[PDB]
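> Sending over a structure as structure tokens; questions will come in a sec.
Heads up, the Cβs are rebuilt from the backbone with ideal geometry, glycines too, and the neighbour counts pull from every protein chain shown. A short reminder: the numbers here are calculations on the coordinates, not readings from a lab.
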Ligand SMILES: *[C@@H]1O[C@H](CO)[C@@H](O[C@@H]2O[C@H](CO)[C@@H](O[C@@H]3O[C@H](CO)[C@@H](O)[C@H](O)[C@@H]3O)[C@H](O)[C@H]2NC(C)=O)[C@H](O)[C@H]1NC(C)=O
Ligand SMILES: *[C@@H]1O[C@H](CO)[C@@H](O[C@@H]2O[C@H](CO)[C@@H](O[C@@H]3O[C@H](CO)[C@@H](O)[C@H](O)[C@@H]3O)[C@H](O)[C@H]2NC(C)=O)[C@H](O)[C@H]1NC(C)=O
Ligand SMILES: *[C@@H]1O[C@H](CO)[C@@H](O[C@@H]2O[C@H](CO)[C@@H](O)[C@H](O)[C@H]2NC(C)=O)[C@H](O)[C@H]1NC(C)=O
Ligand SMILES: *[C@@H]1O[C@H](CO)[C@@H](O)[C@H](O)[C@H]1NC(C)=O
Ligand SMILES: *[C@@H]1O[C@H](CO)[C@@H](O)[C@H](O)[C@H]1NC(C)=O
Ligand SMILES: *[C@@H]1O[C@H](CO)[C@@H](O)[C@H](O)[C@H]1NC(C)=O
Ligand SMILES: *[C@@H]1O[C@H](CO)[C@@H](O)[C@H](O)[C@H]1NC(C)=O
Ligand SMILES: *[C@H]1O[C@H](CO)[C@@H](O)[C@H](O)[C@H]1NC(C)=O
Ligand SMILES: *[C@H]1O[C@H](CO)[C@@H](O)[C@H](O)[C@H]1NC(C)=O
Ligand SMILES: [Zn+2]
């Protein structure tokens with residue numbers, strides 16, 4: 001997953017480097033809020049339908065396995 | 001104060017509450033308020049913000065339908081919306097400017113949904129009926 | 001390198017400041033006058049500190065944006081593509097209309113929009129700098145490279161360049177029309193139902209991102225695919241031609257015309273072979289004139305015909321550099337920006353002839369060339385040479401009109417695509433408003449490089465070649481001409497090569513072609529055998545193009561709005577916000593139709609309703625695409641049904657009633673008249 005600064009969209013940040021440093025070191029409310037919202041709007045939206053299908057399939061498998 | 005309350009939110013200070021009564025204004029032939037209607041309402045709000053920022057402050061700000069954030073949606077069609085910067089999430093337009101924008105272009109929003117100032121209440125924006133003209 | 005460049009720049013600028021003590025009005029020596037002119041140009045130093053810093057910042061930002069631009073596939077946004085790798089391969093190899101269209105639109109919507117305001121500021125700052133440097137605009141400063149004064153006959157005003165370019169292009173246009181017609185006819189067989197035989201070519205189907213070159217289209221437009229092209233790479237491999245004897249053969253070819261031998265240190269200091277992974281080095285073939293008789297060539301040469309031609313080109317470059325060694329340092333350059341590349345390229349053009357290959361031994365002596373092979377070779381050359389002339393001329397004309405201010409800032413794309421339709425014959429696949437900055441997406445536009453150099457260089461070389469074929473006494477076709485073993489042609493070429501910049505470029509031209517100005521007649525003489533074949537081939541096809549047809553015109557719905565008639569007074573102005581509201585209403589109507597009829601949840605947006613041909617009447621054409629699939633356009637029938645379903649909401653949104661909001665194809669129903677019992 002990559003999040004890119006709106007001021008400079010040419011630069012983008014992964015999660016393990018950079019973004020974690022931003023969330024664990026920066027004292028700026030604006031920067032931390034941007035990182036939080038960008039990660040949860042650029043990766044969560046892509047994981048929503050996949051997670052729905054995963055939930056349905058896992059439920060079917062568990063019910064088939066007598067759970 | 002030990003503890004916390006489940007009502008306060010950081011965006012609650014700059015939120016404008018909208019309550020819509022379609023059935024009372026239209027009686028029958030009243031459309032359902034699905035997600036498409038919410039998208040249209042957000043687009044209308046963004047258009048009103050653009051108009052205010054262009055015709056008052058002379059600034060060209062490219063608002064969008066994703067810049068009008070909506071929360072606390074209810075079956076009453078009663079929610080809280082607030083407008084952020086076009087690409088700066090940390091920047092939220094102060095409620096005074098949003099109220100002025102809505103007052104400037106409330107007629108267009110009212111006509112977009114065929115509502116008249118009573119079924120589209122912004123809870124802080126009080127419309128003016130108009131002065132009564134008198135005989136000579 | 002950084003330290004050396006900074007020291008050189010500081011020395012150059014301090015010498016420029018010192019040189020102002022000698023005004024040009026009292027200088028009588030021509031060479032001294034022009035050397036002072038070289039050392040007296042202020043450049044960006046004439047601007048204030050803040051303006052100069054802003055100009056440098058915006059230039060660097062545009063360069064970085066172009067270099068590191070990324071486009072990501074909507075299906076898998078986690079993968080993204082740069083421009084040099086991947087995207088160029090997609091545009092030069094893929095045969096899918098959808099994929100090429102996606103690449104084109106994604107690159108021009110993810111990088112042009114970022115380069116629009118930067119390019120505007122760059123235009124303003126460059127105009128201010130040029131006006132401060134006593135030029136009418138930046139375009140005049142660019143054209144000043146060809147300026148010649150005080151020669152009594154050879155004088156060439158800056159404004160004369162525009163006339164010379166337009167008059168020349170008027171003669172190229174007849175050939176380009178037939179070439180375009182043939183290319184369109186051949187492309188209709190590869191992309192059926194997407195190209196109209198009467199209309200123009202779509203922008204993305206030109207075998208390149210911008211359509212500057214048509215070389216990659218040669219695979220789809222080969223005249224005679226059954227006859228193979230002339231390739232001697234296998235012959236080189238069989239004869240074991242390493243990257244050491246090809247340069248020897250090129251040196252022998254250069255000597256055969258009388259040019260001097262290579263320097264002793266040239267072979268020692270060269271890098272004719274790639275140093276492998278042990279030593280990292282660039283692989284762009286370049287020529288270096290370090291000075292004091294130091295000439296070197298850098299190239300990761302392999303065993304290929306393309307490498308052979310590139311080696312000949314680089315040897316031509318270094319020969320030209322050696323020619324003006326005796327000239328002063330300020331004169332160690334070509335006559336202008338177009339002479340050097342033309343001199344380099346004529347050698348490659350001559351060496352590629354089958355006669356030269358047969359003579360050198362690469363081509364078997366028992367090989368008789370057929371006219372079909374000549375047609376194939378001429379068409380391959382044409383797709384590279386004649387393909388770029390209209391695009392180069394159109395781009396330079398657009399830049400000149402932008403800098404001169406003839407094009408308003410709110411009319412850049414509207415005029416750019418109008419020029420491209422009526423000059424290049426290329427129609428955009430999707431409409432672009434003033435937000436896009438498509439011309440800035442090109443390498444030479446964002447990075448502040450003059451583009452007219454690629455135009456005149458196309459002409460000059462031919463004017464050289466024809467001249468070099470007159471001294472060599474060649475009676476056959478121009479494309480079969482070879483200058484080997486022609487001492488007279490070599491002497492004629494050297495007479496101009498030794499001049500360098502010491503003389504006006506017009507005088508240099510007169511020493512070779514016998515004329516003072518550029519002429520395109522040699523180009524037509526070169527391409528005549530292909531021109532006749534193309535004219536014979538287009539007996540049935542409609543030669544030319546129309547500037548009205550567009551790929552999106554079939555699925556477009558036309559809207560005409562009359563606010564004043566419906567509202568009289570108290571009528572709002574139709575600015576961009578109203579257009580945004582209309583697009584949002586259309587998207588909402590499309591959502592409603594797709595939800596309440598087909599039961600499909602499609603998340604349309606205001607950017608999926610593309611609008612074109614906006615007019616003061618408030619009359620435009622709109623069409624709705626897929627939510628994230630540009631190549632997918634909703635058929636007009638479904639859009640009409642959607643509008644009919646929810647026309648009342650759109651009418652009420654603008655306070656119009658079915659007469660001031662006309663969709664030109666959607667006829668409203670007044671309602672049946674009820675009758676008494
Ligand atoms: C997005 O909007 C926020 C506002 O909600 C912007 O934050 C503002 O940024 C400016 C520029 O740094 C700040 O001004 C500076 O404030 C510091 C505070 O000590 C001061 O020392 C500096 O001299 C300067 O005045 C401003 O205070 C700040 N406002 C808030 C409320 O944080 C933010 O920059 C915007 N982001 C983008 C990308 O435009
Ligand atoms: C965006 O929309 C376009 C349609 O405008 C989609 O193109 C369509 O893609 C499908 C899937 O490959 C094609 O079906 C295939 O066609 C080939 C043609 O030979 C056939 O051999 C296959 O068996 C299969 O039926 C379809 O023809 C094609 N339609 C057009 C007009 O090109 C495109 O896939 C969409 N893009 C995305 C990312 O959804
Ligand atoms: C213009 O100046 C050049 C440069 O001096 C003159 O060319 C010769 O340059 C060499 C080396 O600089 C001198 O030793 C010669 O005396 C210069 N003149 C000649 C005739 O060789 C050039 O002659 C000058 N031209 C005019 C018209 O003054
Ligand atoms: C360059 O700038 C200087 C002052 O900075 C000025 O005197 C001069 O006229 C300008 N032009 C040239 C050609 O030197
Ligand atoms: C040029 O040099 C090569 C060897 O470096 C030599 O064989 C050749 O004869 C020279 N050319 C002439 C014209 O002497
Ligand atoms: C080549 O010459 C033959 C012989 O007349 C002719 O039939 C053929 O059409 C020619 N082809 C081209 C491409 O000129
Ligand atoms: C040129 O001269 C060389 C040297 O005699 C000879 O081998 C060659 O056949 C001549 N012709 C060409 C086209 O190179
Ligand atoms: C009520 O008054 C306000 C300002 O006093 C005005 O903007 C508004 O249009 C009025 N409403 C009417 C006349 O219906
Ligand atoms: C006209 O007729 C069409 C279908 O016949 C209907 O959808 C439309 O609402 C009618 N318009 C009126 C009654 O104003
Ligand atoms: Zn070159």
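> Identify, from the list B:111, B:117, the residue that is in a helix (DSSP H, G or I) and touching a helix residue (DSSP H, G or I) at 6+ places or on another chain (Cβ under 9 Å). Even if it seems obvious, please write down each step before you answer.
Values: B:117 fails: in a helix (DSSP H, G or I).
Testing whether each residue is in a helix (DSSP H, G or I) and touching a helix residue (DSSP H, G or I) at 6+ places or on another chain (Cβ under 9 Å) leaves just B:111.
> Residues to consider are B:45, B:70; find the one that is more than 10 Å from chain C (Cβ to nearest Cβ), assigned to a helix (DSSP H, G or I), touching a strand residue (DSSP E or B) at 6+ places or on another chain (Cβ under 8 Å) and on the phi < 0 side of the Ramachandran plot. Break it down into steps so the answer makes sense when it comes.
Values: B:70 fails: assigned to a helix (DSSP H, G or I).
Being more than 10 Å from chain C (Cβ to nearest Cβ), assigned to a helix (DSSP H, G or I), touching a strand residue (DSSP E or B) at 6+ places or on another chain (Cβ under 8 Å) and on the phi < 0 side of the Ramachandran plot holds for just one of B:45, B:70, which is B:45.
> Between A:8, A:59, A:65, A:25, which is over 13 Å from the mean Cα position of the chain (by Cα), within 14 Å of another protein chain (Cβ to nearest Cβ) and surrounded by fewer than 14 Cβ atoms within 10 Å (Cβ to Cβ)? It would help to see each step written out before you state the result.
Values: A:59 fails: within 14 Å of another protein chain (Cβ to nearest Cβ); A:65 fails: within 14 Å of another protein chain (Cβ to nearest Cβ); A:25 fails: within 14 Å of another protein chain (Cβ to nearest Cβ).
Checking each option against the conditions leaves just A:8.
> Out of C:589, C:626, I need the residue that is within 24 Å of residue B:43 (Cα to Cα) and surrounded by 15 or more Cβ atoms within 10 Å (Cβ to Cβ). Which one? So that I can check it myself, show each step before the final result.
Numbers: C:626 fails: surrounded by 15 or more Cβ atoms within 10 Å (Cβ to Cβ).
Criteria check complete, one pass: C:589.
> Another question about this same structure. Cβ-Cβ below 6 Å, separation at least six or inter-chain, first residue in the range B:108-136 and free of Cβ contacts under 8 Å to residues at least 24 places away in the same chain, second within 16 Å of ligand 9 (Cβ to nearest atom): which pairs?
Sorted first by the residue in the range B:108-136, then by its partner, the pairs are B:111/C:652.
> Continuing with this model, one more query. Given the options C:325, C:352, name the one that is surrounded by fewer than 20 Cβ atoms within 10 Å (Cβ to Cβ), in contact with a helix residue (DSSP H, G or I) (Cβ under 7 Å, 6 or more places away or on another chain) and free of Cβ contacts under 8 Å to residues at least 60 places away in the same chain. Reasoning before the result, please.
Details: C:325 fails: in contact with a helix residue (DSSP H, G or I) (Cβ under 7 Å, 6 or more places away or on another chain).
The match here is C:352.
> Moving on. Looking at the range C:609-633 only, could you name the residues that are out of contact with any strand residue (DSSP E or B) (no Cβ under 9 Å at 6 or more places or on another chain) and either within 16 Å of ligand 10 (Cβ to nearest atom) or within 14 Å of another protein chain (Cβ to nearest Cβ) (or both)?
Once the filter is applied, which keeps residues that are out of contact with any strand residue (DSSP E or B) (no Cβ under 9 Å at 6 or more places or on another chain) and either within 16 Å of ligand 10 (Cβ to nearest atom) or within 14 Å of another protein chain (Cβ to nearest Cβ) (or both), the range C:609-633 yields C:627, C:628.
> In this structure, does residue C:526 turn out to be over 18 Å from residue C:414 (Cβ atoms) and within 14 Å of chain B (Cβ to nearest Cβ)?
On the way: over 18 Å from residue C:414 (Cβ atoms): yes; within 14 Å of chain B (Cβ to nearest Cβ): no.
So residue C:526 does not fit the description; no.
> Here is a follow-up. What's the number of the only condition in (1) in a helix (DSSP H, G or I); (2) within 21 Å of the chain's Cα centre (by Cα); (3) free of Cβ contacts under 8 Å to residues at least 40 places away in the same chain that residue C:410 fails to meet?
Failing condition for residue C:410: (2).
> For the range B:1-24, which residues satisfy the criterion of being touching a strand residue (DSSP E or B) at 6+ places or on another chain (Cβ under 8 Å) and over 22 Å from residue B:68 (Cβ atoms)?
Listed by number, the list is empty, since nothing qualifies.
> Could you say whether any residue in the range C:637-654 is surrounded by fewer than 18 Cβ atoms within 10 Å (Cβ to Cβ), away from ligand 3 (no atom under 16 Å from the Cβ) and in contact (Cβ under 8 Å) with a residue 60 or more places away in the chain?
Within the range C:637-654, the subset surrounded by fewer than 18 Cβ atoms within 10 Å (Cβ to Cβ) is C:637-638, C:640-641, C:644-645, C:647-648, C:652.
With the extra rule that they be away from ligand 3 (no atom under 16 Å from the Cβ), the set shrinks to C:637-638, C:640-641, C:644-645, C:647-648, C:652.
Then keep just the ones that are in contact (Cβ under 8 Å) with a residue 60 or more places away in the chain; that gives C:640.
The answer is yes, given that some residue of the range C:637-654 is surrounded by fewer than 18 Cβ atoms within 10 Å (Cβ to Cβ), away from ligand 3 (no atom under 16 Å from the Cβ) and in contact (Cβ under 8 Å) with a residue 60 or more places away in the chain.
> Same structure, new question: Could you say whether any residue in the range C:281-288 is free of Cβ contacts under 8 Å to residues at least 12 places away in the same chain, touching a strand residue (DSSP E or B) at 6+ places or on another chain (Cβ under 6 Å) and either on the phi > 0 side of the Ramachandran plot or surrounded by 12 or more Cβ atoms within 10 Å (Cβ to Cβ) (or both)?
The answer is yes; a qualifying residue exists.
> From C:502, C:546, grab the single residue that is touching a residue at least 24 places away in the same chain (Cβ under 8 Å), away from ligand 10 (no atom under 16 Å from the Cβ), in a loop (DSSP other than H, G, I, E, B) and buried (at least 16 other Cβ atoms within 10 Å of the Cβ). Quick ask: steps written out before the conclusion?
Details: C:546 fails: buried (at least 16 other Cβ atoms within 10 Å of the Cβ).
Matching residue, one of C:502, C:546: C:502.
> A further question follows. I'd like the full set of residues that are within 14 Å of another protein chain (Cβ to nearest Cβ), in a helix (DSSP H, G or I) and touching a helix residue (DSSP H, G or I) at 6+ places or on another chain (Cβ under 7 Å), limited to the range B:73-107.
Within the range B:73-107, B:101, B:104 meet the criteria.
> Here's something else I'd like to know. Would you check if there is a residue in the range C:69-80 being closer than 30 Å to residue C:332 by Cα, more than 16 Å from ligand 10 (Cβ to nearest atom), surrounded by 14 or more Cβ atoms within 10 Å (Cβ to Cβ) and more than 28 Å from the chain's Cα centre (by Cα)?
Here is the first cut: in the range C:69-80, the residues closer than 30 Å to residue C:332 by Cα are none.
There is no residue in the range C:69-80 that is closer than 30 Å to residue C:332 by Cα, more than 16 Å from ligand 10 (Cβ to nearest atom), surrounded by 14 or more Cβ atoms within 10 Å (Cβ to Cβ) and more than 28 Å from the chain's Cα centre (by Cα).
> Another question, then. (1) surrounded by 16 or more Cβ atoms within 10 Å (Cβ to Cβ); (2) touching a residue at least 60 places away in the same chain (Cβ under 8 Å); (3) in contact with a strand residue (DSSP E or B) (Cβ under 9 Å, 6 or more places away or on another chain): which one isn't true of residue B:95, the others all being true?
Only one criterion in (1) surrounded by 16 or more Cβ atoms within 10 Å (Cβ to Cβ); (2) touching a residue at least 60 places away in the same chain (Cβ under 8 Å); (3) in contact with a strand residue (DSSP E or B) (Cβ under 9 Å, 6 or more places away or on another chain) is unmet by residue B:95, namely (1).
> From (1) over 23 Å from residue B:90 (Cβ atoms); (2) within 12 Å of chain C (Cβ to nearest Cβ), pick out the condition that doesn't hold for residue B:30.
Every condition holds for residue B:30 apart from (2).
> To continue, here is another question. Just checking, how many residues over the range C:634-677 are farther than 20 Å from residue C:606 by Cβ and within 14 Å of another protein chain (Cβ to nearest Cβ)?
Count: 3.
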